[PDB]
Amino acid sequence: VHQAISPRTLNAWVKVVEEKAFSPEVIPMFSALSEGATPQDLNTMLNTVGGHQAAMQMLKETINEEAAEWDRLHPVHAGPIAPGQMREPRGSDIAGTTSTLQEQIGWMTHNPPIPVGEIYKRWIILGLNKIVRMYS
C-alpha cells in the first residue's frame, strides 16, 4: 500500500525546524517522524523546509557525497533488465532523484529487501549531524 506521509507529520516536522535553530533534538525528531518513509516521502519532508539555505546546502552536499560513495561500492552488473525484475538502485535512485515511487516500493518490498528508505535516511541523518554541529 502506498500511504504518503501525512500532512499532520509534515507540519509537525516544519514546526520542529521552525522552533529550533537546528538543535540536537531535530535528529531524534526526524527519525521519529520518518518511520518507514520512502525516499519520495523523505524529500517531501526535506523540501517543505524553506529559508535555511546554508544549512540545506550542507545537507544536500552530504547526500550527494553519500550517493556517489554508494555508487563506487556497488558496481552495476551489465545487461538488459528483464520484465518484472528490477534494476540495481543507484545513489540518485536511493535519493529519489532518478527513481519513481513505484520503483522505490519495489526495492523496499523485495525479498531480500534493499531498504532504500532506511539507507537514504541514514545519509540524511549524517547531514543533519553536520548541521547541528555547525549551528549547535
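Heads up: residue numbers just count along the shown sequence, starting at 1.
Q. Should the higher mean CA B-factor in the entry be assigned to 111-119 or to 124-132?
A. For C-alpha atoms only, the mean B-factor is higher in 111-119.
Q: Going by the average Cα B-factor in the PDB entry, point out whether 68-76 or 55-63 comes out higher.
A: According to the entry, 68-76 carries the higher average C-alpha B-factor.
Q. Which one of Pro28, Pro39, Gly50, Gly91 shows the top CA temperature factor in the record?
A. The record points to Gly50.
Q: Relative to the other modelled residues of the same chain, rank the CA B-factor of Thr98 and answer lowest, middle or highest third.
A: For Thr98, the deposited C-alpha B-factor lands in the highest third.
Q. Taking the entry's C-alpha B-factors for this chain, is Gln104 in the lowest, middle or highest third?
A. Tercile = middle for this residue's CA B-factor.
**Q.** Among modelled residues of the same chain, the CA temperature factor third for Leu33
**A.** For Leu33, whose C-alpha B-factor we compare with every modelled residue in the chain, the answer is the lowest third.
(Q) For the chain shown, is the CA B-factor of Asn43 in the lowest, middle or highest third of its modelled residues? (A) Lowest third.
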